[PDB]
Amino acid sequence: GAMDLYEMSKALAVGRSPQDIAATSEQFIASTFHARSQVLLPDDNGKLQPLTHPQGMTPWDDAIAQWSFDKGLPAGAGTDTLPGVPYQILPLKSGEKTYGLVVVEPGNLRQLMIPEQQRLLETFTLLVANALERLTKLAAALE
C-alpha cells in the first residue's frame, strides 16, 4: 500500500537490535508483498544466519544465499542465477555495501514479479539496509 513504506520507516526507526530490524522487515514485507520472508544477517565470520528456514517457506540454497551476500547481487526469480526457484534472494544494500539478505517467497510469484512491485520492493530493501547500517556502525562505534 501507499503508506506502507512510511509506516515501516517509523517501525525501523525505533529498532534497537538487528533482530528487531529483521522482525519488523519480515512483518511489513509479508503484509505489503503478500509473501513469506526471512532476513539473513552475517555473523562474526561473514556467514549468514539463520541457516534454518522457517515453517511455511521452501528451503533455499544456503550457498547461493551466501553468494548473493558476498557479491551484493540478487539471485532467484528475476535473475540468471536460479531463475526457476519460487522465491527471490535480495541483498540489503546501502551504497556498495551489503548488510544482509532477504529471501522473499510470495503466494503468487507473477504478482510479486510485476515490475512496479519489484521497484517498490527495492525501496523497501533500501530502507531495511539503512537501518542495519545504522545499528552496525553504531555498535562498532561503542563496542
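Residue positions are given as counts along the sequence shown, with the first one as 1.
- Averaged over Cα atoms, the B-factor as recorded in the entry is higher for 55-63 than for the other of 98-106 and 55-63.
- For the segment pair 1-9 and 133-141, the entry gives 133-141 the higher mean B-factor, averaged over Cα atoms.
- Of the candidates 81, 45, 38, 31, the PDB record gives 45 the highest C-alpha temperature factor.
- Ranking 50, 115, 86, 91 by Cα temperature factor from the entry places 50 first.
- Residue-level temperature factors show residue 21 in the middle third of its chain, judged at the C-alpha atom.
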